[PDB]
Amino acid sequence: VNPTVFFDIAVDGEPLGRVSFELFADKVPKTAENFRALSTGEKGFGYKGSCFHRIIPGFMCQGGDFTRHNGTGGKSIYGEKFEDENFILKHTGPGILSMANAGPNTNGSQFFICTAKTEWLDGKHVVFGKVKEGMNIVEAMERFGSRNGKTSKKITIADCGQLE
């Protein structure tokens, strides 16, 4: 079955809620596993404690870099980077979970949660998941974003893990 993970969001201590996602199996057997093992924190590193450094209202919330906390660090479970899995799935609408990168073959640990249809991203970004529930917690992390993506407060992944 297709995995389901979650994040327990906080906003500077004060907990917000939970956002769970349905990773994809048959579509992305190597990309979903990456995000799974990290959502868990399955190796002494993963998204546990990391944050959303770049949030842009109406577009997306970005996070994943547990290393430098800016948009340079992070790393997959295969050292640091890995090829573009495939581009079979497209940025159809809000909740779409997709891999953040720096061009082709640069997938680390960084990802973004779309909060609108981001079609221009298709082909450029590997889509590998979607928010299951808590898309309300996501739409609440936006009141803390900006034009450039700077967090108006401090949105944290107070916890995360796999339920199925």
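Sequential numbering from 1, following the sequence displayed. Heads up, when I say rigid core I mean the largest set of C-alphas that superpose within 1.5 Å between the two forms.
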- prompt: Taking C-alpha RMS after core alignment, which stretch differs more from the shown form in 7 other deposited structures of this protein: 38-46, or 57-65?
  reply: 38-46
task: Could you check whether 24-32 or 118-126 drifts more from the shown form in 7 other deposited structures of this protein, using RMS Cα distance once the core is superposed?
output: 24-32
query: Which wins on mean Cα temperature factor, 110-118 or 28-36?
result: 28-36
Of 139-147 and 17-25, the one with larger mean CA B-factor: 139-147
statement: Among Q62, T67, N101, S98, the highest C-alpha B-factor in the PDB entry belongs to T67
- line: Looking only at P57, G134, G49, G129, the Cα with the top B-factor belongs to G49
field: For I157, the third of its chain into which the C-alpha B factor falls
entry: middle
- prompt: Lowest, middle or highest third: where is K81 by Cα B-factor in its chain?
  reply: lowest
Relative C-alpha B-factor of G71, binned into the chain's lowest, middle or highest third: middle
